Amino acid sequence: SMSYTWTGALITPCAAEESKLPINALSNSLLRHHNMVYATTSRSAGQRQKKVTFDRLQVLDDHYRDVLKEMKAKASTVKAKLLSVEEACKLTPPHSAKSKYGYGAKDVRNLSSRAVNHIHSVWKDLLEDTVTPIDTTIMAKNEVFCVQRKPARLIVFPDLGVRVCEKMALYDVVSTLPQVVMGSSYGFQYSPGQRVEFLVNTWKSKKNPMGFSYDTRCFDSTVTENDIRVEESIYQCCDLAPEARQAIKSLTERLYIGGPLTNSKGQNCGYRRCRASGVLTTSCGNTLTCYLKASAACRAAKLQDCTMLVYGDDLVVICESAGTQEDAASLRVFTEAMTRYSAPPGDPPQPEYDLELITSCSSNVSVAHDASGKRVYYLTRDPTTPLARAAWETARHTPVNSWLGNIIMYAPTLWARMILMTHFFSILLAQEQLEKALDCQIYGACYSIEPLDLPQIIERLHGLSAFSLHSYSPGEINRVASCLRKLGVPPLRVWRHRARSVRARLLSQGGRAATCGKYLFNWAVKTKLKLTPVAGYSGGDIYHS
Ligand SMILES: CNC(=O)c1c(-c2ccc(F)cc2)oc2cc(N(CC[C@H]3OB(O)c4ccccc43)S(C)(=O)=O)c(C3CC3)cc12
């Protein structure tokens, strides 16, 4: 079956689209090589359509059915509840896309009669009708990158009223089921500090550890009708209210398995027979499906004492080594099994015998040292995309502030501390907006966060050591330095000089501002001060504050 069929109608924008990096008076202080930064637009949608459109073949063996039975047994222990209309409304992001039927996200959150009445009618229709395909909108995403250009990603989502009903039927399920079914392998349960701890402990638990990442090419398109029905069967193992069972069946048949694609202008663009990127079950569904296929593939490859870590379509396996030649051979069998299950890799997997050489979710483990000189592990990444997006956000206000999300999730890194913290606190100081809450995304979920609360947030997610890490590895430092030269960002020595100023400015204001100065920028001073004291919903339209 083809992942998509297309009519020929274009994927259209709903507003003006900027591809070129916007520039203001602050831009050059961060980044000089402006032509290297670009944003994707609907003009490349055609290119993406070609990439994501292909035939899927699936051959399912006993390993697959064995693992599925085990997952269902665990799912059978979960008890999930329906959320009320009111609870589902409160989880709706303030700036979520408005309904076609005369109400928006703020109406939903406020429990307006019009919004609530339509939600009730959508819900009743889900109970009464388990066959009629539900409409979806297809859009090209606008995302910023550094050159070497990517074509726009496509997103597919149903109407607001449907999105609220998804929460009612499935929010409790997708929040609780994955951890029970997959145990320690469910990647979204960890904070960055907890994840690093798990990865290190998993590596040390093996006598002779080997590990590899496996990244499937266009995962959403490899997801078949079978996969989505198997996914439903796992959900239905839960102890559920009868009304929830019906709604989950209806949503699966009418939305999750596939449906018609409509552009922003209301024209039929085609039909989908694979994963929709913008439904509540996207993250949970991808995690379960990846875990199922990969667990079965481990058995086919006879990999010994496997510990898997899965988040959406991202996969890492750490296991007992059988020797270099033997490990390489076993990965070939693993990939052959995954391919039979419909999930071939973008690049063939490579066995690694050092934890730090494995990259997943664009990230790798690295080592620094705390004040006492003890080794502290932390997750980092190539800073190119974070810095490209920071430059865009310096000149343009955007729906999501990636810089804030990056500071929070990569707070221990030398690039987040020296560049992102220094740059944006200077900007916030100049506009007196330190107390202004900003929208950002952590693990696909939307959060409203004031910059002044960053010290407490960082401490809780990474520990107090995030404010005193030093003696970073030569490889990490070189990667950062190389990226700065590439983008025309000033060298780290300049940022240290700037941070002393920003620190001094923050201390001068007292209160929570001074606390930001003290903890976030203690790295910048020569004589240091004494420093003292969730889940995954990518595309799921989820909000917390
Ligand atoms: C299966 N792989 C994993 O669970 C992860 C690994 C990993 C595992 C094994 C290895 F050997 C090496 C690395 O590294 C990871 C790094 C992340 N980072 C999230 C960063 C990024 O993702 B989000 O879309 C996002 C949003 C805002 C800012 C940053 C991010 S995070 C916040 O630093 O932990 C995550 C987030 C849950 C998605 C997951 C993993």
# chains A, B, ... in the order shown; residues from 1 in each chain; ligands from 1
$ residues_near_ligand --ligand "ligand 1" --cutoff "6 Å" --atoms "only C-alpha atoms and all ligand atoms" --output "compact mmCIF listing (two decimals) with C-alpha atoms, in the first residue's frame"
# COMPACT_ATOMS: atom_id res chain seq x y z
CA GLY A 187 12.75 7.53 26.87
CA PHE A 188 10.28 10.32 27.66
CA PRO A 192 18.03 15.01 31.04
CA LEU A 309 16.00 3.09 24.72
CA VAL A 310 13.16 4.37 22.55
CA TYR A 311 11.61 7.79 22.04
CA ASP A 314 14.47 7.25 17.74
CA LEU A 315 16.14 4.01 18.87
CA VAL A 316 19.31 2.99 20.72
CA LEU A 355 29.06 5.48 24.87
CA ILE A 358 26.41 7.06 19.86
CA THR A 359 24.13 9.85 18.61
CA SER A 360 20.34 9.75 19.11
CA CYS A 361 17.70 12.52 19.15
CA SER A 363 22.37 14.19 21.03
CA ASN A 364 25.35 12.40 22.57
CA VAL A 365 26.77 11.85 26.05
CA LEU A 379 23.79 15.22 27.08
CA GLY A 405 13.83 25.25 25.30
CA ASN A 406 17.49 24.71 24.40
CA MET A 409 17.32 20.96 28.06
CA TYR A 410 21.01 21.65 27.28
CA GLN A 441 8.38 23.22 23.87
CA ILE A 442 9.87 20.44 26.02
CA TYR A 443 9.41 16.88 24.68
$ residues_around --residues "residue 250 in chain A" --least-positions-apart "4" --cutoff "6 Å" --atoms "only C-alpha atoms" --output "tab-separated table (two decimals) with N, CA, C and O atoms, in the first residue's frame"
chain	number	residue	atom	x	y	z
A	126	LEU	N	-18.35	10.56	17.39
A	126	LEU	CA	-17.36	9.49	17.55
A	126	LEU	C	-17.99	8.20	18.10
A	126	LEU	O	-17.64	7.10	17.67
A	130	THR	N	-18.32	4.90	13.53
A	130	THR	CA	-16.97	4.33	13.58
A	130	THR	C	-16.38	4.05	12.18
A	130	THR	O	-15.45	3.26	12.06
A	254	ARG	N	-11.29	6.04	11.84
A	254	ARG	CA	-11.67	7.24	11.09
A	254	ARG	C	-10.55	8.27	10.93
A	254	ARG	O	-10.62	9.13	10.04
$ residues_around --residues "range 257-259 of chain A" --least-positions-apart "2" --cutoff "9 Å" --atoms "only C-alpha atoms" --output "MDAnalysis selection string"
chainID A and resid 133:136 224:229 251:255 261 270:276
$ closest_residue --among "A:412, A:323, A:151, A:285" --to "residue 39 in chain A" --atoms "only C-alpha atoms"
A:151
$ closest_residue --among "A:508, A:366, A:448, A:117" --to "residue 196 in chain A" --atoms "only C-alpha atoms"
A:366
$ select_by_dssp --residues "range 163-252 of chain A" --states "strand (DSSP E or B)" --output "list in words"
residues 186, 209, 210, 211, 212, 213, 214, 215, 216 and 239 of chain A
$ closest_residue --among "A:174, A:390, A:376, A:452" --to "residue 472 in chain A" --atoms "only C-alpha atoms"
A:376
$ residues_around --residues "range 421-427 of chain A" --least-positions-apart "5" --cutoff "8 Å" --atoms "only C-alpha atoms" --output "list in words"
residues 30, 407, 416, 434, 495, 498, 499, 502 and 520 of chain A
$ write_last_selection --atoms "C-alpha atoms" --output "mmCIF file, in the first residue's frame"
data_model
loop_
_atom_site.group_PDB
_atom_site.id
_atom_site.type_symbol
_atom_site.label_atom_id
_atom_site.label_comp_id
_atom_site.auth_asym_id
_atom_site.auth_seq_id
_atom_site.Cartn_x
_atom_site.Cartn_y
_atom_site.Cartn_z
ATOM 1 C CA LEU A 30 25.432 36.718 17.395
ATOM 2 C CA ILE A 407 18.786 26.540 27.496
ATOM 3 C CA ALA A 416 24.079 26.934 25.959
ATOM 4 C CA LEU A 434 12.896 39.073 32.374
ATOM 5 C CA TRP A 495 31.131 35.549 25.123
ATOM 6 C CA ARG A 498 29.969 39.663 27.504
ATOM 7 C CA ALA A 499 28.754 37.346 30.301
ATOM 8 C CA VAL A 502 25.313 40.556 31.766
ATOM 9 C CA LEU A 520 23.625 31.039 35.474
#
$ residues_around --residues "residue 438 in chain A" --least-positions-apart "6" --cutoff "10 Å" --atoms "only C-alpha atoms" --output "number ranges by chain"
A: 399-401, 404, 447-451
$ atom_distance --atom1 "CA of residue 341 in chain A" --atom2 "CA of residue 182 in chain A"
19.0 Å
$ residues_around --residues "residue 304 in chain A" --least-positions-apart "4" --cutoff "9 Å" --atoms "only C-alpha atoms" --output "PyMOL selection string"
chain A and resi 298-299+319-322
$ write_last_selection --atoms "N, CA, C and O atoms" --output "PDB file, in the first residue's frame"
ATOM      1  N   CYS A 298      15.935  -7.547  17.578  1.00  0.00           N
ATOM      2  CA  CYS A 298      16.995  -7.994  18.494  1.00  0.00           C
ATOM      3  C   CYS A 298      17.013  -9.521  18.630  1.00  0.00           C
ATOM      4  O   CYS A 298      18.080 -10.139  18.641  1.00  0.00           O
ATOM      5  N   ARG A 299      15.831 -10.121  18.730  1.00  0.00           N
ATOM      6  CA  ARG A 299      15.708 -11.576  18.862  1.00  0.00           C
ATOM      7  C   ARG A 299      16.159 -12.291  17.590  1.00  0.00           C
ATOM      8  O   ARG A 299      16.876 -13.289  17.658  1.00  0.00           O
ATOM      9  N   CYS A 319      23.974  -3.503  24.393  1.00  0.00           N
ATOM     10  CA  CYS A 319      23.964  -4.946  24.620  1.00  0.00           C
ATOM     11  C   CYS A 319      25.354  -5.503  24.909  1.00  0.00           C
ATOM     12  O   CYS A 319      26.349  -4.774  24.891  1.00  0.00           O
ATOM     13  N   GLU A 320      25.402  -6.806  25.178  1.00  0.00           N
ATOM     14  CA  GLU A 320      26.645  -7.516  25.448  1.00  0.00           C
ATOM     15  C   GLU A 320      27.349  -7.839  24.127  1.00  0.00           C
ATOM     16  O   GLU A 320      26.744  -8.426  23.232  1.00  0.00           O
ATOM     17  N   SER A 321      28.616  -7.451  24.006  1.00  0.00           N
ATOM     18  CA  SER A 321      29.384  -7.692  22.779  1.00  0.00           C
ATOM     19  C   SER A 321      29.761  -9.164  22.626  1.00  0.00           C
ATOM     20  O   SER A 321      30.115  -9.828  23.601  1.00  0.00           O
ATOM     21  N   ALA A 322      29.675  -9.659  21.391  1.00  0.00           N
ATOM     22  CA  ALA A 322      30.108 -11.012  21.045  1.00  0.00           C
ATOM     23  C   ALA A 322      31.402 -10.983  20.230  1.00  0.00           C
ATOM     24  O   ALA A 322      31.801 -12.001  19.666  1.00  0.00           O
TER      25      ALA A 322
END
$ decode --residues "range 66-157 of chain A" --atoms "C-alpha atoms" --output "mmCIF file, in the first residue's frame"
data_model
loop_
_atom_site.group_PDB
_atom_site.id
_atom_site.type_symbol
_atom_site.label_atom_id
_atom_site.label_comp_id
_atom_site.auth_asym_id
_atom_site.auth_seq_id
_atom_site.Cartn_x
_atom_site.Cartn_y
_atom_site.Cartn_z
ATOM 1 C CA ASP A 66 5.888 -13.012 20.623
ATOM 2 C CA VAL A 67 6.935 -9.465 21.567
ATOM 3 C CA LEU A 68 3.421 -8.136 20.836
ATOM 4 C CA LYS A 69 1.893 -10.715 23.213
ATOM 5 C CA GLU A 70 4.296 -9.593 25.975
ATOM 6 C CA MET A 71 3.450 -5.915 25.410
ATOM 7 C CA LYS A 72 -0.289 -6.668 25.523
ATOM 8 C CA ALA A 73 0.195 -8.572 28.815
ATOM 9 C CA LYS A 74 1.757 -5.466 30.375
ATOM 10 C CA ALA A 75 -0.854 -3.145 28.821
ATOM 11 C CA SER A 76 -3.517 -5.396 30.414
ATOM 12 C CA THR A 77 -2.397 -4.105 33.853
ATOM 13 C CA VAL A 78 -3.054 -0.426 33.029
ATOM 14 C CA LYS A 79 -6.253 1.338 34.119
ATOM 15 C CA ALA A 80 -6.985 4.569 32.237
ATOM 16 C CA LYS A 81 -9.739 7.164 32.727
ATOM 17 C CA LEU A 82 -11.679 9.439 30.384
ATOM 18 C CA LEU A 83 -10.857 13.121 30.813
ATOM 19 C CA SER A 84 -13.864 15.401 31.179
ATOM 20 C CA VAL A 85 -14.460 18.111 28.569
ATOM 21 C CA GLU A 86 -13.122 20.648 31.092
ATOM 22 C CA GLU A 87 -9.877 18.732 31.778
ATOM 23 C CA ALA A 88 -9.262 18.288 28.036
ATOM 24 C CA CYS A 89 -9.959 22.002 27.429
ATOM 25 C CA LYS A 90 -7.321 22.996 30.022
ATOM 26 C CA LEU A 91 -4.681 20.913 28.165
ATOM 27 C CA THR A 92 -5.306 22.870 24.934
ATOM 28 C CA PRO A 93 -2.512 25.357 24.087
ATOM 29 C CA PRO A 94 -3.639 29.040 24.046
ATOM 30 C CA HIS A 95 -2.259 29.501 20.509
ATOM 31 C CA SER A 96 -3.504 26.167 19.108
ATOM 32 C CA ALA A 97 -5.121 26.329 15.648
ATOM 33 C CA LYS A 98 -8.750 27.516 15.774
ATOM 34 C CA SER A 99 -11.717 25.384 14.703
ATOM 35 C CA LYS A 100 -13.395 25.628 11.296
ATOM 36 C CA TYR A 101 -16.718 25.770 13.179
ATOM 37 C CA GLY A 102 -16.593 29.241 14.761
ATOM 38 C CA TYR A 103 -14.396 29.020 17.875
ATOM 39 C CA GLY A 104 -10.714 29.064 18.864
ATOM 40 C CA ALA A 105 -8.292 27.751 21.486
ATOM 41 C CA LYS A 106 -9.013 30.583 23.949
ATOM 42 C CA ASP A 107 -12.750 29.808 23.670
ATOM 43 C CA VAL A 108 -11.940 26.160 24.461
ATOM 44 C CA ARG A 109 -9.761 27.046 27.474
ATOM 45 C CA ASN A 110 -12.474 29.435 28.761
ATOM 46 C CA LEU A 111 -15.164 26.726 28.373
ATOM 47 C CA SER A 112 -17.381 28.933 26.186
ATOM 48 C CA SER A 113 -20.820 27.494 25.410
ATOM 49 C CA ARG A 114 -20.156 27.410 21.643
ATOM 50 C CA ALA A 115 -16.847 25.540 22.022
ATOM 51 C CA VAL A 116 -18.196 23.150 24.667
ATOM 52 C CA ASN A 117 -21.363 22.447 22.625
ATOM 53 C CA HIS A 118 -19.357 21.544 19.496
ATOM 54 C CA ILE A 119 -16.962 19.347 21.499
ATOM 55 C CA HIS A 120 -19.984 17.493 22.908
ATOM 56 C CA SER A 121 -21.333 17.010 19.355
ATOM 57 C CA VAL A 122 -17.979 15.787 17.997
ATOM 58 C CA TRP A 123 -17.766 13.303 20.894
ATOM 59 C CA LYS A 124 -21.300 11.981 20.310
ATOM 60 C CA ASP A 125 -20.461 11.536 16.612
ATOM 61 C CA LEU A 126 -17.357 9.490 17.545
ATOM 62 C CA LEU A 127 -19.596 7.186 19.631
ATOM 63 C CA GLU A 128 -22.296 6.899 16.939
ATOM 64 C CA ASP A 129 -20.067 6.578 13.838
ATOM 65 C CA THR A 130 -16.967 4.331 13.582
ATOM 66 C CA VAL A 131 -16.532 4.410 9.769
ATOM 67 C CA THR A 132 -16.564 7.906 8.205
ATOM 68 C CA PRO A 133 -13.040 9.239 7.566
ATOM 69 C CA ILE A 134 -12.330 12.451 9.503
ATOM 70 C CA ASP A 135 -10.911 15.421 7.572
ATOM 71 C CA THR A 136 -7.332 16.577 8.115
ATOM 72 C CA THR A 137 -5.384 19.660 7.095
ATOM 73 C CA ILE A 138 -1.931 19.247 5.543
ATOM 74 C CA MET A 139 0.649 22.036 5.932
ATOM 75 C CA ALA A 140 4.327 22.571 5.169
ATOM 76 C CA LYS A 141 6.226 23.403 8.367
ATOM 77 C CA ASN A 142 8.391 26.519 8.609
ATOM 78 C CA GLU A 143 11.588 25.445 10.417
ATOM 79 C CA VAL A 144 15.027 27.104 10.492
ATOM 80 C CA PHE A 145 18.324 25.357 9.641
ATOM 81 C CA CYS A 146 21.909 25.961 8.561
ATOM 82 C CA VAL A 147 22.775 25.029 4.956
ATOM 83 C CA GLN A 148 24.270 21.576 4.291
ATOM 84 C CA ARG A 149 18.666 22.909 1.778
ATOM 85 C CA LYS A 150 16.201 20.505 3.404
ATOM 86 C CA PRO A 151 12.657 20.434 1.993
ATOM 87 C CA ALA A 152 9.859 21.402 4.399
ATOM 88 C CA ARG A 153 8.473 18.725 6.698
ATOM 89 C CA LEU A 154 4.755 18.102 6.309
ATOM 90 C CA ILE A 155 2.283 18.122 9.187
ATOM 91 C CA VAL A 156 -1.189 16.557 9.186
ATOM 92 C CA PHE A 157 -3.774 17.405 11.857
#
